[PDB]
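Take a look at the structure below.
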Amino acid sequence: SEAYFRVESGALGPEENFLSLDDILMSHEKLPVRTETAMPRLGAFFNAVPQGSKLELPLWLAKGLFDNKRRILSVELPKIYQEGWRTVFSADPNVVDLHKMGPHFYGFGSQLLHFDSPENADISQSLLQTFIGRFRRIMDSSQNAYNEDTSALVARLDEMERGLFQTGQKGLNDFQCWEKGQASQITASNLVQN
Amino acid sequence: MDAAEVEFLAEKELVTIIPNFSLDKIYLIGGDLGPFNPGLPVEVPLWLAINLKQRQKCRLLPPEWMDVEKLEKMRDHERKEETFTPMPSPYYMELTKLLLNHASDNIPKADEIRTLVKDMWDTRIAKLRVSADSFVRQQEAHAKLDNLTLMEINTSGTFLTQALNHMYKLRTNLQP
Amino acid sequence: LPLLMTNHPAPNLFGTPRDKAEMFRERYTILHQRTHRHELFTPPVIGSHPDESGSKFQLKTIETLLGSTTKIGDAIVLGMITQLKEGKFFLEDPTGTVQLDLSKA
Amino acid sequence: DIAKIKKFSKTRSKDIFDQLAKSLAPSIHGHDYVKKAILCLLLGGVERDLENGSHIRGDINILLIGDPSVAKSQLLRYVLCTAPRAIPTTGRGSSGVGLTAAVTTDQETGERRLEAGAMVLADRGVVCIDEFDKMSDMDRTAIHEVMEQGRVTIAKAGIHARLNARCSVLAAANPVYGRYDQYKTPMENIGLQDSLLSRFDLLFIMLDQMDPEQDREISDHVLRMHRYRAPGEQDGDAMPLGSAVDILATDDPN
Amino acid sequence: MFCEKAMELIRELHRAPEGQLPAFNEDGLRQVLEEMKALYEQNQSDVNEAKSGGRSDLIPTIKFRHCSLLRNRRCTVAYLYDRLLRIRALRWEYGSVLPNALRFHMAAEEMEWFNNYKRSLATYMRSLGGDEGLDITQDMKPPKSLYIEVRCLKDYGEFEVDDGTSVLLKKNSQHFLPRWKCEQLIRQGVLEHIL
Ligand SMILES: Nc1ncnc2c1ncn2[C@@H]1O[C@H](COP(=O)(O)OP(=O)(O)NP(=O)(O)O)[C@@H](O)[C@H]1O
Ligand SMILES: [Mg+2]
């Protein structure tokens, strides 16, 4: 029915959604870079920022400054997307804590491909295989954790996987309410709290 | 789509009732029904059957497939097969819930019928779980689910479709 | 906020001991929010390449200067004039009080 | 557990000892000379062997004496976190046996052997002793040999041996009467015996002097530290109680 | 970094997934707009300096402030639009006249938008048929029974059932009435559907 629905996240696509709060928060996360030419007047922030300076700045700003000729700055991957952590994911995707390793792991990784790194293919394959490995546990936990504390199950999941978990939980709760007949009652909305 | 809406579609299925009242043919928009003669079977949609049973105006008769022998055969066939088998009704779970919750007095051996329907439901939801896992593991592009019912698809399909959307975008993010 | 949207009680003649202080506290509050919206406010993010002291009108309260700021030559404070001792004037704000040497005005 | 960048950084930096000392324990404000002394303790001198066969002990021993709430325990904790092979110890929770060595039965065979104590485990390392003024005298008898000679002599079970206990001692104590008394001599504020005090390289008295400017900067630093939250943590998280989080035999961000 | 005040608007809305409407962050909106004004003034000064003087090294920081400005715009527009989404859900989940405790959270322009949306929606609903339209805000759940039993939660005034017939909605009184007449009051919480 006509319930409130957030603007959906478009982080996994070629470009993120403009009005998505999730995409905005995802792109806020910082990204290491190396500056290719000195920038005047910005020494107050990191008077000129000298050439060759290492910086960590937001992903939206890195994408804004980044032109494919690599004229202003060079963009480097975060550690969690480099080969060692990709190997960690290859070991067993179920045990890594993607909530602590950036809450928007898949969205940040997908937008990290925009900079045309030589290991873009490796990053993409790592993201795909991580999702494939974690899918079954997400599915079973979401669809079988009925009416209990879901904190331990949902703790290690990134925000995309948390959305999938809530979708599965919503389906489970809907079917259980149907089977026990509670779905037939007409009830006041959540706004009765006011 | 909600389970109540799947029940709403399931309520269109035809069942047989024995009225205890007299009423000539009534011309409904979806199709005329009746005449309703006392003590004689007449076929009506399930919503009207449940409403008349609630109002003490009829006795519901079970469908031909609500039979312990037939349901045991169907359950054993479902457990024996790997693919989803053809079900006796396209809304068998909702039919079972409505008819047994409202007319357990009319329907004999309702406990056995309910338990066998639950067995079939558990087996087929397990098969659907296996199908979803195989889909994601093998990175299939499409699946074939010929004999699934609408309630079975609705129970798990929102999660599965969202997960497959995410998987598709993850495996296609190198398009240039 | 109107009082119906708050915890504030209705006004009455036989006020509480709190209300007597609340008069002057609210007078300070209105003048304080009036004051900080004037051009004396601090510059925006690198509004000037060297930093500026709020258009040379940067503000402070009494409790801030009761401390390390001895003989700081540019203190500005909003507060109420009081002859808290005879001839020995004091300033007061909701944070505290301090003597006023007003030999030059 | 590369050196070339260190040997370049010592040229790029100007008086790198000062920068290291300032950066020693960021969470603790002030105490600059104490931080320099702790850095000296961490680095140490060079132990001499003389041609006559005598040796000169190279470790540096530091004793911090001071009022309640002047970060002595916190400096010990930082040294425990930063140094390789730093052993924690507290005065009331330790014994002369546990500091040096204990006879214990090896259940693989049943024979009894020496099991190393704190200062033997700390060999070529550091041992941090909090509440040092609360130790028993018989327990400090063990510390005397360790500090004086860099060894401990043991004669128990079947074994008679001089165990190596070459460790720097970083001890923390309160003065007698809890709070330091300005109207008493230091030798009476300090309840320890002069024989023991001779074994420490440096002795620091640090006081809770309630200067308003010093209080201003200290309180500002403390409240800034309490306001800090890590970047890999959500805006309203309580930190999780401990659980295993290491998932490769070698560290990944390298 | 510049953007953090804009991020507080975003974090305010993201910290309430349930769809309820927080108070309008007028002060935060004023601050991000002031920041954009300052950024634009600096950018204009720098860009005209660079173009008139022929000085080329300004162009990276020009692009820096330009991207920062576009970021500020994106954040505030997303904030306003998501607030509009939350407000739009109120017409369907509760009804037309919002309670004053919630109406106090809305901006005046938000109430303007909401009134325009209500007028447009009512116009669309009227135009669905020859006379009286179709009230699609009703029939939110599939129908089970023609009549329902309802219980009065709020002590409430006279409620017309049909013309001269009406029922007094005194608290704890219990009526048996048509579902389509009782649906709005149940959704508003005046009545409790039982059984
Ligand atoms: N200069 C300082 N900077 C930061 N925190 C400080 C400072 N001085 C004291 N504290 C805090 O005070 C608390 C107590 O520190 P602690 O190390 O136990 O003091 P102490 O000198 O050992 N006193 P005590 O254990 O009673 O002999 C800790 O939380 C410290 O962080
Ligand atoms: Mg301490």
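Residue numbers start at 1 in each chain; chains themselves are named A, B, ... in the order of the structure tokens; ligands are numbered from 1 in the order shown.
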Would you mind listing what lies within 7 Å of region 13-27 of chain C as a list in words, with only C-alpha atoms counted and same-chain residues fewer than 3 positions away left out?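 Residues near the query, excluding close chain neighbours: residues 30, 31 and 94 of chain C.
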Collect all residues with atoms no farther than 7 Å from ligand 2, counting only C-alpha atoms and all ligand atoms, and output them as a ChimeraX atom specification. /D:68-69,71-74
Within 10 Å of ligand 1, counting only C-alpha atoms and all ligand atoms: which residues, as JSON, numbers by chain? {"D": [25, 26, 27, 28, 29, 30, 31, 64, 65, 66, 67, 68, 69, 70, 71, 72, 73, 74, 75, 76, 77, 130, 131, 132, 172, 173, 174, 175, 178, 179, 206, 207, 208, 214, 215, 217, 218, 219, 220, 221, 222, 223, 224, 225, 226]}
I'd like the contact shell of residue 74 (chain C) - 9 Å cut-off, only C-alpha atoms, skipping same-chain residues fewer than 3 positions apart - returned as a list in words. residues 56, 57, 58 and 71 of chain C
Can you tell me, as a PyMOL selection string, what residues are no more than 7 Å from residue 81 (chain C) when counting only C-alpha atoms, ignoring any on the same chain fewer than 4 positions away? chain C and resi 90-92
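If you take only C-alpha atoms and a cut-off of 8 Å, the residues of chain D that reach chain C are residues 212, 213 and 216 of chain D.
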Residues of the last selection are to be written out with C-alpha atoms, as a compact mmCIF listing (two decimals), in the first residue's frame.
# COMPACT_ATOMS: atom_id res chain seq x y z
CA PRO D 212 43.96 27.41 36.57
CA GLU D 213 45.76 27.57 33.20
CA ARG D 216 42.30 24.57 31.54
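When DSSP reads the backbone of this structure, the residues of region 91-196 of chain D it assigns to alpha helix (DSSP H) are residues 96, 97, 98, 99, 100, 118, 119, 120, 121, 137, 138, 139, 140, 141, 142, 143, 144, 145, 146, 147, 148, 149, 186, 187, 188, 189, 194, 195 and 196 of chain D.
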Contacts of region 159-168 of chain D at 7 Å or less, counting only C-alpha atoms, minus same-chain residues fewer than 4 places along, as a ChimeraX atom specification? /D:41,59-61,119-120,122-127,146,150-155
How would the residues just chosen look if you wrote them out with N, CA and C atoms as a PDB file, in the first residue's frame?
ATOM      1  N   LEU D  41      63.993   5.090  28.840  1.00  0.00           N
ATOM      2  CA  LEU D  41      63.820   3.746  29.386  1.00  0.00           C
ATOM      3  C   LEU D  41      63.563   2.736  28.275  1.00  0.00           C
ATOM      4  N   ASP D  59      70.350  -1.140  31.413  1.00  0.00           N
ATOM      5  CA  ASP D  59      68.951  -0.757  31.541  1.00  0.00           C
ATOM      6  C   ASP D  59      68.807   0.499  32.396  1.00  0.00           C
ATOM      7  N   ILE D  60      67.704   1.215  32.181  1.00  0.00           N
ATOM      8  CA  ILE D  60      67.382   2.454  32.891  1.00  0.00           C
ATOM      9  C   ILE D  60      66.111   2.206  33.694  1.00  0.00           C
ATOM     10  N   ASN D  61      66.154   2.555  34.978  1.00  0.00           N
ATOM     11  CA  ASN D  61      65.059   2.343  35.917  1.00  0.00           C
ATOM     12  C   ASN D  61      64.466   3.685  36.323  1.00  0.00           C
ATOM     13  N   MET D 119      59.838 -10.902  36.370  1.00  0.00           N
ATOM     14  CA  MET D 119      61.098 -10.210  35.986  1.00  0.00           C
ATOM     15  C   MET D 119      61.954 -11.129  35.103  1.00  0.00           C
ATOM     16  N   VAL D 120      61.816 -12.464  35.192  1.00  0.00           N
ATOM     17  CA  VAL D 120      62.517 -13.375  34.293  1.00  0.00           C
ATOM     18  C   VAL D 120      61.835 -13.399  32.929  1.00  0.00           C
ATOM     19  N   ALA D 122      60.394 -10.842  31.745  1.00  0.00           N
ATOM     20  CA  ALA D 122      60.702  -9.508  31.239  1.00  0.00           C
ATOM     21  C   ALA D 122      62.159  -9.336  30.796  1.00  0.00           C
ATOM     22  N   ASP D 123      62.935 -10.416  30.664  1.00  0.00           N
ATOM     23  CA  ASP D 123      64.358 -10.300  30.353  1.00  0.00           C
ATOM     24  C   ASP D 123      64.570  -9.627  29.003  1.00  0.00           C
ATOM     25  N   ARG D 124      65.477  -8.646  28.978  1.00  0.00           N
ATOM     26  CA  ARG D 124      65.650  -7.750  27.835  1.00  0.00           C
ATOM     27  C   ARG D 124      64.323  -7.097  27.456  1.00  0.00           C
ATOM     28  N   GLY D 125      63.579  -6.669  28.465  1.00  0.00           N
ATOM     29  CA  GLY D 125      62.306  -5.995  28.276  1.00  0.00           C
ATOM     30  C   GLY D 125      62.065  -5.008  29.397  1.00  0.00           C
ATOM     31  N   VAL D 126      60.789  -4.804  29.730  1.00  0.00           N
ATOM     32  CA  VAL D 126      60.368  -3.846  30.747  1.00  0.00           C
ATOM     33  C   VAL D 126      59.438  -4.565  31.714  1.00  0.00           C
ATOM     34  N   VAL D 127      59.434  -4.125  32.971  1.00  0.00           N
ATOM     35  CA  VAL D 127      58.443  -4.574  33.943  1.00  0.00           C
ATOM     36  C   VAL D 127      57.844  -3.337  34.593  1.00  0.00           C
ATOM     37  N   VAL D 146      67.423  -7.982  41.238  1.00  0.00           N
ATOM     38  CA  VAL D 146      67.119  -7.801  39.817  1.00  0.00           C
ATOM     39  C   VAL D 146      67.611  -6.440  39.343  1.00  0.00           C
ATOM     40  N   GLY D 150      70.962  -7.343  37.547  1.00  0.00           N
ATOM     41  CA  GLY D 150      70.372  -7.874  36.333  1.00  0.00           C
ATOM     42  C   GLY D 150      70.120  -9.364  36.358  1.00  0.00           C
ATOM     43  N   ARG D 151      70.127  -9.979  37.542  1.00  0.00           N
ATOM     44  CA  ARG D 151      69.917 -11.409  37.702  1.00  0.00           C
ATOM     45  C   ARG D 151      69.026 -11.637  38.913  1.00  0.00           C
ATOM     46  N   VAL D 152      68.640 -12.893  39.109  1.00  0.00           N
ATOM     47  CA  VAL D 152      68.050 -13.347  40.362  1.00  0.00           C
ATOM     48  C   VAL D 152      68.606 -14.731  40.661  1.00  0.00           C
ATOM     49  N   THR D 153      69.032 -14.941  41.904  1.00  0.00           N
ATOM     50  CA  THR D 153      69.588 -16.217  42.340  1.00  0.00           C
ATOM     51  C   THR D 153      68.483 -17.052  42.973  1.00  0.00           C
ATOM     52  N   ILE D 154      68.421 -18.327  42.592  1.00  0.00           N
ATOM     53  CA  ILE D 154      67.382 -19.256  43.028  1.00  0.00           C
ATOM     54  C   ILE D 154      68.052 -20.534  43.518  1.00  0.00           C
ATOM     55  N   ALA D 155      67.542 -21.090  44.622  1.00  0.00           N
ATOM     56  CA  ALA D 155      68.014 -22.381  45.145  1.00  0.00           C
ATOM     57  C   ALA D 155      66.796 -23.128  45.695  1.00  0.00           C
TER      58      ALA D 155
END
Where in region 6-253 of chain D does DSSP assign strand (DSSP E), given as a PyMOL selection string? chain D and resi 48-49+55-56+62-66+86-90+101-105+112-116+125-130+151-156+159-164+167-173+202-206
To one decimal place in Å, what is the distance between CA of residue 6 (chain B) and CA of residue 183 (chain A)?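 Distance between the two atoms: 11.9 Å.
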So which residues touch residue 4 (chain C) within 12 Å, counting only C-alpha atoms, skipping near sequence neighbours fewer than 5 positions away, as number ranges by chain? C: 9-10; E: 100-101, 104
File dump, residues just selected, N, CA and C atoms, as a PDB file, in the first residue's frame:
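Final output, part-v8.pdb:
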ATOM      1  N   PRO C   9       5.240  26.178  32.528  1.00  0.00           N
ATOM      2  CA  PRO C   9       3.900  26.341  33.102  1.00  0.00           C
ATOM      3  C   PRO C   9       3.277  27.674  32.707  1.00  0.00           C
ATOM      4  N   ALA C  10       1.983  27.793  32.996  1.00  0.00           N
ATOM      5  CA  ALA C  10       1.261  29.009  32.665  1.00  0.00           C
ATOM      6  C   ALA C  10       1.673  30.142  33.612  1.00  0.00           C
TER       7      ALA C  10
ATOM      8  N   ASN E 100      -1.663  18.156  15.392  1.00  0.00           N
ATOM      9  CA  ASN E 100      -0.864  19.362  15.585  1.00  0.00           C
ATOM     10  C   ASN E 100       0.532  19.048  16.107  1.00  0.00           C
ATOM     11  N   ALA E 101       0.686  17.968  16.878  1.00  0.00           N
ATOM     12  CA  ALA E 101       2.010  17.591  17.359  1.00  0.00           C
ATOM     13  C   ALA E 101       2.943  17.236  16.207  1.00  0.00           C
ATOM     14  N   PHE E 104       3.445  20.620  13.805  1.00  0.00           N
ATOM     15  CA  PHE E 104       4.465  21.512  14.336  1.00  0.00           C
ATOM     16  C   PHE E 104       5.858  21.189  13.803  1.00  0.00           C
TER      17      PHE E 104
END
Dump as a ChimeraX atom specification the residues of chain B that approach chain A to within 7 Å, counting only C-alpha atoms. /B:3-4,133,136-137,155-156,159,163,169-171,173
Give as an mmCIF file with C-alpha atoms, in the first residue's frame every residue of chain A that touches chain C within 9 Å, counting only C-alpha atoms.
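Contents of part-v3.cif, as written:
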data_model
loop_
_atom_site.group_PDB
_atom_site.id
_atom_site.type_symbol
_atom_site.label_atom_id
_atom_site.label_comp_id
_atom_site.auth_asym_id
_atom_site.auth_seq_id
_atom_site.Cartn_x
_atom_site.Cartn_y
_atom_site.Cartn_z
ATOM 1 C CA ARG A 41 44.581 28.174 -1.097
ATOM 2 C CA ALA A 44 43.855 25.372 5.525
ATOM 3 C CA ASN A 47 48.795 28.169 1.661
#
Quick one: distance from CA of residue 105 (chain E) to CA of residue 193 (chain A) in Å, one decimal? 14.8 Å
